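**Student:** Next one to model:
(chains A, B, C, D, E, F, G, H, I and J, ligands or ions: 2)
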Amino acid sequence: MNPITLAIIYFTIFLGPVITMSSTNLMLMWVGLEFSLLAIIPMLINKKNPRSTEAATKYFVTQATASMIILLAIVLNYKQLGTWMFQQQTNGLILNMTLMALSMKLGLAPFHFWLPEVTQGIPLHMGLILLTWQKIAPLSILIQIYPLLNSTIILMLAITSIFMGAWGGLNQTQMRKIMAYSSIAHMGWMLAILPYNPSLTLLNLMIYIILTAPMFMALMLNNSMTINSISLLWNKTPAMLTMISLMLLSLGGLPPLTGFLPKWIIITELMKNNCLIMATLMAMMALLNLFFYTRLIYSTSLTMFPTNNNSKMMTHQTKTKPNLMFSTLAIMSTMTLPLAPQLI
Amino acid sequence: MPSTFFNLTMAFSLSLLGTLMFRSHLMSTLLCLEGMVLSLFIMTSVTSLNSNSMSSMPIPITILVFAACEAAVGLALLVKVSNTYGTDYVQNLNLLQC
Amino acid sequence: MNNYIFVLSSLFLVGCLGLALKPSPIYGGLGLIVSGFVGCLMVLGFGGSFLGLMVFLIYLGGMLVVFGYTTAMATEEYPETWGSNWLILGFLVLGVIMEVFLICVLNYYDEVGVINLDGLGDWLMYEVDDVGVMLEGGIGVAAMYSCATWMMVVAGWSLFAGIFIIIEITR
Amino acid sequence: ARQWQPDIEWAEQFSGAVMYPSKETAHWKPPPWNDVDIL
Amino acid sequence: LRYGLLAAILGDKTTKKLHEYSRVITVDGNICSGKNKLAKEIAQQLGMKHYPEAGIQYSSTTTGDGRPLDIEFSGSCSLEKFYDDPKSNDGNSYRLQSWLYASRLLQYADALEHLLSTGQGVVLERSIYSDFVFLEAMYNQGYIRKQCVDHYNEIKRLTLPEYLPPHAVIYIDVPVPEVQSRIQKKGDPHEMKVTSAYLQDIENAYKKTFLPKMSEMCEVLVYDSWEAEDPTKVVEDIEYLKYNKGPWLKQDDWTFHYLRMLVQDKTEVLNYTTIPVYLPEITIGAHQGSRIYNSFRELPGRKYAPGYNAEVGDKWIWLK
Amino acid sequence: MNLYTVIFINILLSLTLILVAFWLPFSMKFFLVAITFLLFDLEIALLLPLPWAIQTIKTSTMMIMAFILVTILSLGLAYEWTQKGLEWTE
Amino acid sequence: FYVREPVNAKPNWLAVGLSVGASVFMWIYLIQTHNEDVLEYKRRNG
Amino acid sequence: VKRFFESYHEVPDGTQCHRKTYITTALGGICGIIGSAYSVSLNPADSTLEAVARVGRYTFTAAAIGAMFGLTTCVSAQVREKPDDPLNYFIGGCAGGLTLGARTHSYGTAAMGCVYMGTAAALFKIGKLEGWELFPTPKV
Amino acid sequence: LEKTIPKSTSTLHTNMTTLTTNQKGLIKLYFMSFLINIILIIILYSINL
Amino acid sequence: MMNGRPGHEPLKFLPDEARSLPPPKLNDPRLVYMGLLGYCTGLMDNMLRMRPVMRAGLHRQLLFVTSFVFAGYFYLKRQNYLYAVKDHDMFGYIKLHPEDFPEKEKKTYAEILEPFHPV
Ligand SMILES: CCCCCCCCCCCCCCCCCC(=O)OC[C@H](COP(=O)(O)OCCN)OC(=O)CCCCCCCCCCCCCCCCC
Ligand SMILES: Nc1ncnc2c1ncn2[C@@H]1O[C@H](COP(=O)(O)OP(=O)(O)OP(=O)(O)O)[C@@H](O)[C@H]1O
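**Tutor:** Numbers count the residues shown, from 1 in each chain, chains lettered A, B, ... in the order given. Ligands and ions are numbered 1, 2, ... in the order given. Below is the structure in question.
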């Protein structure tokens, strides 16, 4: 891949969500989504192996069906009201079809089965984008219509997502599938709080992004796509444990760490709205995410696993990978609770 | 108008049903997707012509362009799948389950 | 001729049904071609000369063509599909009859609602300027060049970048 | 004595495709280390 | 500035430097054949560079102050002990084979980056494409287990295909009795305990797998001892050599760039040698590993990064 | 009604002739070609409304946009050219 | 004494200068902004 | 039309036992139909006969769960004049878990379901009485 | 006091984990499930209304 | 929520309606904490690049601290403006709707009989 191709594809990847967020016309939003899809597929398939091809095929089919359903919703609203924007008068079925489509675009349960497979078949720098930058346009389209949504189906989707994310991460031994299920869970939290306050959806979005980017960078440091491969980190690069552990605990949502605040304030709002039963279920089932993050903190930072020999030569060699953003984002994501009133 | 729109929506629903129900091929899914595209194109053009809103005619053109691009990339992916396995079958994409 | 557009929409329905049922990637192409022909015909019935002829010249002449092309060059017909083809043809018959009964029940349940069979030939054209020039569809599709240049740049960029995308996917 | 550290027996339980293989339909095997399947 | 997309866009490209003799050649053979002499002479007569055979201390010599390190810091294996007592319950055999494959791979990379940044061709001794003969020999003799062999083959599959093969492969053929005589004459109390069965397994591996596998993508040149030692014949054969049938023609500036990045990053080279397959022959315990690593970092010039060790004469550590 | 009559007549005539007839006694190059043709046919779709666009007042704008279309199409062609997409030498 | 004389053998004086200048300018602009905002606040409130 | 499931809460517990059991049985049957559809689409079977047998298994099981729960609740409220007592729903949930354990042949599942469903039904009744809302609308 | 609280928690969650992660990468099955979801949502809406 | 209100300028960090609030002081604990975070980011960068922590990259550490304090000052101004606007609107609504915010009839403990609960 040459510079011109790289520039065009990445400019499209960047432009998609920007059009989606800067356009008032649902047609232009749909355009942005299509841009994102078109420009993401090639990067997934770069390696040209069976797994990457399969992941690309699955992604394409799912996202294309979703886009078609969204465009049907738009066309129906157009026949109904003459305008190209959802108002307070659209048949709720239109908006529920739209929500189903956006949920399949994001990766929410029970529309999630494609996300772990794709992320696994895909490399690291691509999972990073797929799980951080490709959540911003479909969430924006929802933030624009939060007053006219169905709390019932939203909460069902969110709680299903929490549950399935926990019960997947409990079993997966692969970094990328673990990240996929964590994404599912946090997006469930977002959807849950959406129709009551979207500022908190955006808060949790930025928190999850700041928490995910540096984790994928940590992994890419040694291309450790597995638990038994990341356990050798104590001999390969032990100056990263003090931060991997803290970022994983923050993801889990442990009180003294940034990652807590999202759950805390979202539960607060749900209580103000009398969604206490759902808030309780979610808060109790996030502890499994915390569990299978602690199980990794163990194998990485609190106990040394059987190492290898050529790791000696790996020690001999130097390295210049981890740019400043790693430290910056990890600190901002682990030590920023005293500033919660501002982030709110 | 009501009748033709009802039938167009039923047709879109049938093509979505076809997509969500695979029958061992992949072309037979891309074709259902294109049928959906066609139904939406027709509904949009028909609403434009019914309302006499000439400020909304570019919309079919745009969606046709983008559906064409989607179909092109889908056909390329199908071509790679065939080049590797030998068939546009869906039981051969059983990887990533581990 | 009151039944004209209704017949056209019903043929479109049957074509999309023969798509939903998946005989093969080639008879599916033929079904798509028929459905598109009928779609153009109904657009012209509603007055979309440019839209319908563009469908003709681009969707069929450009899209279904490469569909069949890629199909022939990258697909093989297996002998099993013939018995199942007959089976799904019977399935299609059953679906047609089920749809007829569906339409009957919907007329019984909503006279002036879902479909006004009594007012079939009506409610096709609601209004039109009788003494008016400059009200075709090209006048609108050509707005793009003066107003709505944003759509034109969007589409041109999609097509532009598709070149790089496809060369990188195939390579 | 000294601190006990994991052994092969303790580390090879994180080496299967999935943990908790109480299933009998889980005939799977670990994926490759470079994502290039064998052929 | 470091090599990357920006350098390649600005003009630090490759095809501007691939003059004839911008090749990579191997001089393989059995153990006591004239490889060093012939390769030095070829390098001189063709203007190319010489990369001697890579052993247990290649990395220790190429990194840091250049001096060697204790075997526990580089390898924990011994060819002397391999020749004295094979079949040992320790693991020296495979723990040596793996480290030597790793060192040969690091050397192949150190040569490829040199060849791609500078058109100066390179000449090497036995490479990652032939290291496996000394493994098949041990397996057929009983010094190693099929599990070790499969581990080796897996690492080979993960590493080798991401690298370009050699242009010319010179095989100096020599028989096992002459080899034993040459050993006795040269003189080594350990090499002189080796077996003609092992030597013949090496020769058979060579002739039956290496030659066929490599004649299909690189020009082979098989010679005996007496055609060797008259090198000008070999050098003129090389100069006349035709260079088709290889992937080196399918390569453009950007494939060369994305290969130069790999070859320049000396950790994505060994990520796959460092996989956690738990063989009792290489599986080091946590206490031993921690002790060795902390002592390695205690050593000088190794505690911090290169330009940050004042105890070796590094100043300005407060502004870099 | 007239178009319908004419096309029906032609179809009838063809089928009648073909009845009397019986009753008297993988390379990616072609795919890339198809894709290029798609990307140019859609350009034709975006280019056809010029006979109606050149009747407007915003001539300085139609000039611009049509030139943009043609120029970037030519650039995409040139790139597909440089990258050996119009060669056929397998 | 190394054998692969690295990129970090000596400092990047351009980076040093730019960093120091950016820091000093940040602090100067910050002080000026703070003082101006205080003056505006007190002008508006008496 | 969704009033089949609202006729359950138009009278105190201890009355209309028959239709209340019918309602809980319909709920069980629906839940089982959905579970069986999911387990048949994902993790399918070999023969459509075995598939429909899976469906019947799950549906009849859930229907028995609901029937036993409703009947035990209303019978407890009958034998003891306490229509506003979550202990009746706890007993009904334990009976449902008992039936689940009888079907699946596992004392573990039996007792686990007992406790879990008992708490669930008791909390359901507590919500019904106090005024808890599930899926409420925004008010902030 | 082990069999009841912690061992039961572990058993329950491991079993549900196996259930939900017994998935094979079959797009047909994933899409049939998506269709069941669509049907259930349409039904919820058309029923409650 | 508060986006669609009258006198709402789009995509502006700090309007002039905010220049009337008292500005934060550089000694503010939150700015000091952001400086601490900058210093720790520098130290962590060194610790990850295998350099001497606290004896390398003084320009880098200074840049970190300066940038953190710089961003903090402005972000803090903005958040103070937002909270002030919130209070403003709330009190305005309270004053324009006296019919839904009535003063409680607060009694004295000599009148209201609270129940007693032994032990
Ligand atoms: C005040 C209010 C309280 C609020 C709540 C606070 C939350 C609790 C704070 C938790 C902070 C630490 C949590 C993460 C634990 C990290 C585990 C760890 O790093 O130790 C293991 C590892 C040992 O490495 P090993 O190979 O055994 O030998 C030493 C060689 N470094 O160690 C390492 O290798 C580290 C990398 C070596 C780098 C060189 C040494 C420089 C120092 C790095 C460690 C800095 C730790 C700072 C601790 C501050 C604690 C507040
Ligand atoms: N992979 C390996 N496994 C076991 N032994 C090896 C391996 N690679 C090299 N050796 C040992 O290294 C020794 C190489 O000695 P060699 O005779 O090659 O010296 P030399 O300097 O190359 O001289 P010449 O080039 O004339 O042979 C042999 O004894 C051989 O057994």
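**Student:** all strands for chain C, in order.
**Tutor:** Remark: strands of chain C are absent; assignment by DSSP state E.
**Student:** Quick check: residue E:150 vs residue E:92, distance?
**Tutor:** From residue E:150 across to residue E:92, the span is 19 Å (C-beta to C-beta, to the nearest Å). Yep, even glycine has a C-beta here, placed from its N, CA and C like the rest.
**Student:** er, residue E:135 actually
**Tutor:** 14 Å.
**Student:** follow-up on the earlier one: in terms of neighbours, single out the busier of residue E:150 and residue E:92.
**Tutor:** Neighbours around residue E:150 and residue E:92, counted as other C-beta atoms under 10 Å in any protein chain shown, are more numerous at residue E:92. The numbers are 22 against 12.
**Student:** Touching, the more buried one and residue E:84? I think so.
**Tutor:** No. Using C-beta atoms under 8 Å, residue E:92 is not in contact with residue E:84; the gap is 9.6 Å.
**Student:** Can you report how many residues lie near the residue in the stretch 151-300 of chain E positioned nearest to ligand 2?
**Tutor:** Closest contact between the stretch 151-300 of chain E and ligand 2, by C-beta to the nearest ligand atom, is at residue E:191 (5.0 Å). For residue E:191, the neighbour count with other C-beta under 10 Å is 17.
**Student:** Quick one: residues contacting the residue in chain F that ligand 2 sits nearest to.
**Tutor:** Per C-beta to the nearest ligand atom, the residue of chain F with the smallest distance to ligand 2 is residue F:90, at 41.2 Å. By C-beta atoms under 8 Å, 6 or more residues apart in numbering or on different chains, residue F:90 lies in contact with F:27, F:29.
**Student:** how close does the residue of the stretch 1-150 of chain E found nearest chain G sit to residue G:1?
**Tutor:** With C-beta to the nearest C-beta, the shortest gap between the stretch 1-150 of chain E and chain G falls at residue E:66, namely 4.2 Å. Distance, residue E:66 to residue G:1, using C-beta to C-beta: 8 Å.
**Student:** quick one: which of the two has more around it?
**Tutor:** Taking other C-beta under 10 Å, residue E:66 and residue G:1 do not tie; residue E:66 has more neighbours (13 against 10).
**Student:** wait, what's in contact with the more buried one?
**Tutor:** Contacts of residue E:66 (C-beta under 8 Å, 6+ apart): G:2, G:3.
**Student:** ditto for residue A:101
**Tutor:** Residue A:101 neighbours (C-beta under 8 Å, 6+ apart): A:66, A:67, A:69, A:70, A:73.
**Student:** ok, of those residues, which one's closest to residue E:13?
**Tutor:** Proximity of the contacts of residue A:101 to residue E:13 (C-beta to C-beta) peaks at residue A:67, which lies at 40.8 Å.
**Student:** The closest one: what's it in contact with?
**Tutor:** Contacts of residue A:67 by C-beta under 8 Å, 6+ apart are A:30, A:33, A:34, A:37, A:101, A:105, B:70.
**Student:** tell me the phi and psi of it?
**Tutor:** phi -60, psi -40 (degrees, to the nearest 10).
**Student:** Please tell me how far it sits from residue C:79.
**Tutor:** Taking C-beta to C-beta, one finds residue A:67 at 36 Å from residue C:79.
**Student:** how about the nearest residue to residue 65, chain neighbours excluded?
**Tutor:** Picked chain A for this. residue B:19 (5.6 Å; C-beta to C-beta, 6 or more residues apart in numbering or on different chains).
**Student:** right idea, wrong chain: chain H
**Tutor:** Using C-beta to C-beta, 6+ apart and skipping residues adjacent in sequence, the residue nearest residue H:65 is residue H:96, 4.5 Å away.
**Student:** Okay, and the residue in chain H that chain J sits nearest to sits in which element?
**Tutor:** In chain H, the residue found nearest to chain J is residue H:140; the distance is 8.5 Å by C-beta to the nearest C-beta. Under the criterion DSSP states H and E, no helix or strand holds residue H:140.
**Student:** measure residue E:274 to residue A:103 for me?
**Tutor:** In this view, residue E:274 and residue A:103 are 40 Å apart by C-beta to C-beta.
**Student:** So those two - more neighbours on which side?
**Tutor:** A direct count of neighbours by other C-beta under 10 Å for residue E:274 and residue A:103 places residue A:103 higher, at 26 against 23.
**Student:** My read is that the more buried one contacts residue A:115, right?
**Tutor:** No. Using C-beta under 8 Å, residue A:103 makes no contact with residue A:115, being 11.5 Å away.
**Student:** Around residue A:171, count how many other residues there are.
**Tutor:** Neighbours around residue A:171, by other C-beta under 10 Å: 23.
**Student:** Revised request: answer the last question for residue I:22.
**Tutor:** 16.
**Student:** Is it in contact with residue D:24, as I believe?
**Tutor:** No. Between residue I:22 and residue D:24 there is no contact under C-beta under 8 Å: 10.3 Å.
**Student:** Quick one: name the residues of chain E near chain A.
**Tutor:** Neighbours of chain A within chain E, by C-beta under 8 Å from any C-beta of the partner chain: E:2, E:5, E:9, E:59-60, E:63-64, E:73-76, E:95, E:98-99, E:102-103, E:106, E:254, E:266-268, E:270-271, E:273-276, E:278, E:282-286, E:289-290, E:292-293, E:296, E:305-306.
**Student:** Put the buried members of those residues into a ChimeraX selection.
**Tutor:** A single ChimeraX command selects the buried members of the residues of chain E next to chain A (16 or more other C-beta atoms under 10 Å in any protein chain shown):
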select /E:59,60,63,64,73,74,75,76,95,98,99,102,103,106,254,266,267,268,270,271,273,274,275,276,278,282,283,284,285,286,289,290,292,293,296,305,306
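**Student:** In strands, which of the residues of chain E next to chain A fall?
**Tutor:** Per DSSP E, the residues of chain E next to chain A never map to strands.
**Student:** Spit out the contact partners of residue A:271.
**Tutor:** residue A:279.
**Student:** er, residue E:175 actually
**Tutor:** Residue E:175 neighbours (C-beta under 8 Å, 6+ apart): residue E:203.
**Student:** Against residue H:66, how distant is it?
**Tutor:** On the measure of C-beta to C-beta, residue E:175 and residue H:66 end up 87 Å apart.
**Student:** and the one helix or strand residue G:18 maps to, what other elements does it pack with?
**Tutor:** Under the criterion of DSSP H and E, residue G:18 resides in helix G:13-45. Using 3 or more C-beta pairs under 8 Å, 6 or more residues apart in numbering or on different chains; DSSP states H and E, the elements in contact with helix G:13-45 are helix J:58-96.
**Student:** Does the helix it packs on reach chain E?
**Tutor:** Yes. Against chain E, helix J:58-96 shows contacts by C-beta under 8 Å from any C-beta at J:58, J:59.
**Student:** packing partners for that helix?
**Tutor:** helix A:340-343, helix G:13-45, helix J:29-49.
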